[PDB]
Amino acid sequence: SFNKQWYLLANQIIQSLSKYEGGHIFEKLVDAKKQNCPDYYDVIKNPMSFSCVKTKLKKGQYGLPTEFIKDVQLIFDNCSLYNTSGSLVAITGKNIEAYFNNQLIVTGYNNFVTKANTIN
C-alpha cells in the first residue's frame, strides 16, 4: 500500500535519528525542572520529540508523508530557537537535521512526497 510504505520508511528514518550520536536528547520531551530550563515551554509553544513522532506513526495520525517531515523539522526548529547557535544542543540539532535531510533523499521518502503533492 502507498501509505503503508512511507509509514514503514518514516519508522526506519525516525529510528535512525534515535540511534544517531547525541540523538537521545531529542527522544523524549524536555522536562523543564529536570533539565534546568524552566522557560522552555514559554519559548517553545509546539514541542516535539522523536517519541511523539513514533507514537503518531504507531497510532496512524499522519495522512500525508509531508506531515512526518514537518514534525521532525519542528524538533530541529525548536532546537535552533531555544538554544544558542554554538551550544552543544544546537550543534547536535544541526548535525541530525543534516542527517535527516540526507536520509529523505537516499531512502526515497521525497518520492512519496512528490507523488502525494500531485494527488492533492
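Residues carry their position along the shown sequence, with the first being 1.
Stretch comparison (4-12 versus 111-119) by mean CA B-factor in the PDB entry places 111-119 on top. In the deposited entry, the Cα temperature factor of residue 57 sits in the middle third of values across the chain's modelled residues.
Ranked against the other modelled residues of its chain, the C-alpha B-factor of residue 79 as given in the entry falls in the lowest third.
Among the modelled residues of its chain, residue 95 has a C-alpha B-factor that falls in the middle third according to the deposited record.
When the CA B factors of the chain's modelled residues are split into thirds, the value for residue 86 lands in the highest one. Per the deposited record, the Cα B-factor of residue 64 falls in the highest third when ranked against the other modelled residues of its chain.
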